[PDB]
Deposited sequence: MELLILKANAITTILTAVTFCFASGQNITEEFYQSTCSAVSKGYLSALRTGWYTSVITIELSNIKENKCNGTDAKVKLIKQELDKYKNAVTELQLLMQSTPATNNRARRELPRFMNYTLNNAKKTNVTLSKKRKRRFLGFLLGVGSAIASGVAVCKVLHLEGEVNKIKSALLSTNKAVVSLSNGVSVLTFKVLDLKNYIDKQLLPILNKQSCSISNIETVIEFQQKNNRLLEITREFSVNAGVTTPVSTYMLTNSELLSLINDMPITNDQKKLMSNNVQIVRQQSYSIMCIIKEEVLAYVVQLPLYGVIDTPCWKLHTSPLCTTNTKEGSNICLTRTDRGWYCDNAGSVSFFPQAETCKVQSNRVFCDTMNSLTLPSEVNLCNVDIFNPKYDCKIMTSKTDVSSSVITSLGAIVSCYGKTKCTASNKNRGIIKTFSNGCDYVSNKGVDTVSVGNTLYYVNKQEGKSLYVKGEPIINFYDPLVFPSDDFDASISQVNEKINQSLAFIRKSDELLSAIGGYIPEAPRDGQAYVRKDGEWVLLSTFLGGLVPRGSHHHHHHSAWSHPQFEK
């Protein structure tokens, strides 16, 4: 659609709006199965290759049984990303997998898939899961390999290597991942199977269209949890994202340090808005994502995970127009570190140029077209292809869109360096004012 951007000279920040939301709010767990064969069996070259591929099948099953001597688990914890909470990503999938170990539970799944490959099963604890038999190695081995150290053809040797290769690759992934994988590969769930799973999935037609048109993103936000091998059934849970928030406005906040440009070294004070990240309207509040690198962007669609978010009042948006607004305490950090750098935005580039640093913006066909002076400045991607700050070359995003340079005095000029609080990583406008008042009292 229409991506736009506004740069705020007063606070050394830029906001890119025009994006639409696609937020991971929940999980849907499906049970993928592979029906196994339980077999016990002079020789020629064609049969020797079959027995070789057959031992790869036996060892793969043995390896997966050895891998599941314990509850499946992943690694769990105990700018503002350090403010986020701590979830357990696969807790819902592990719970479903715990149910499959109850006796008779696997038999319910084995029975529902006897006449078809797609089925919805209600488990003993009342959870409605979608079940899927993607490979019937039982039917192949018992009907195309059991008739054989007897006669054989090589068209069978090849077809068995093709059909067994999926189980071998699924085992490889689970082996180097301790039974939990993300993203979900095409061996765990092919593109045809995933699209079929999304269509038979119980969701809105909006969610189906969104997931089908972005299967690569659905893969990156899914988990494959190796579950159980019991009664000739190989089952692993695939945990798929639910997008409960769709098509709400999103905007990306880019920030860079704002410093004074005095010549005498050590006299300079700096200030940086710390609330950078993705923002999306969500249920009367704003879902704020401090680590924007956790969100995936596809054109104007933004895919984030609410586990990596804070829920803030919508008044946080006021910090972009008036950082001194009386309704929200805008978060900033203070420092005396005036180092030069640049932040590439959606439609331009913020340049924090200080000291003796050479800062330019160039075009590919003409070279330098603008030389930045000391301070925090901005250039749009129209006519500009590269930005240089020191020895670092930045390419700018060449996506179409309009920028707006909002002129304003840098707020760092309003502060007396003698009473400026420094080394505050987690501060705000009011906290700095409160500390300056305490220092001015002692003077």
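Judged by missing C-alpha atoms, the gaps in the deposited chain sequence fall at residues 1-25, 67-70, 108-136, 207-211, 507-568, listed in sequence order.
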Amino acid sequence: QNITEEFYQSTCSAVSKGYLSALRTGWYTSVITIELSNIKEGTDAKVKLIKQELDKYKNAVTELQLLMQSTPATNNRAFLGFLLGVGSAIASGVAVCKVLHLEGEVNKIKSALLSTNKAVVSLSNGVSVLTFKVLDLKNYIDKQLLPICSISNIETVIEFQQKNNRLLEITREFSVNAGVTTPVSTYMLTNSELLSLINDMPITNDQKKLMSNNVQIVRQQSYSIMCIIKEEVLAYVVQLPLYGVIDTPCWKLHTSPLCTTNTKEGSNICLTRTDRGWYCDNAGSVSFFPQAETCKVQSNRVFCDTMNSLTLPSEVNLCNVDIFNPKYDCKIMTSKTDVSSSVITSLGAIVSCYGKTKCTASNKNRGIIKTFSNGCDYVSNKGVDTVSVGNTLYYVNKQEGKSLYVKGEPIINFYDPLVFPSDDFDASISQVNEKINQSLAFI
From here on, numbers count along this sequence of modelled residues.
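Comparing 402-410 with 58-66, the higher mean C-alpha B-factor in the PDB entry belongs to 58-66. 332-340 and 149-157 differ in mean CA B-factor, and the higher of the two is recorded for 149-157. Within the listed group 386, 52, 30, 33, the record reports its top CA B-factor for 52.
Sorting 318, 114, 210, 167 by the CA temperature factor given in the entry leaves 114 at the top. Among the modelled residues of its chain, residue 219 has a C-alpha B-factor that falls in the lowest third according to the deposited record.
Placement of the Cα temperature factor of residue 253 within the chain: lowest third of the modelled residues, per the deposited record.
Among all modelled residues in its chain, residue 119 ranks in the highest third by Cα B-factor.
When the CA B factors of the chain's modelled residues are split into thirds, the value for residue 377 lands in the lowest one.
The entry lists a Cα temperature factor for residue 17 that places it in the middle third of the chain's modelled residues.
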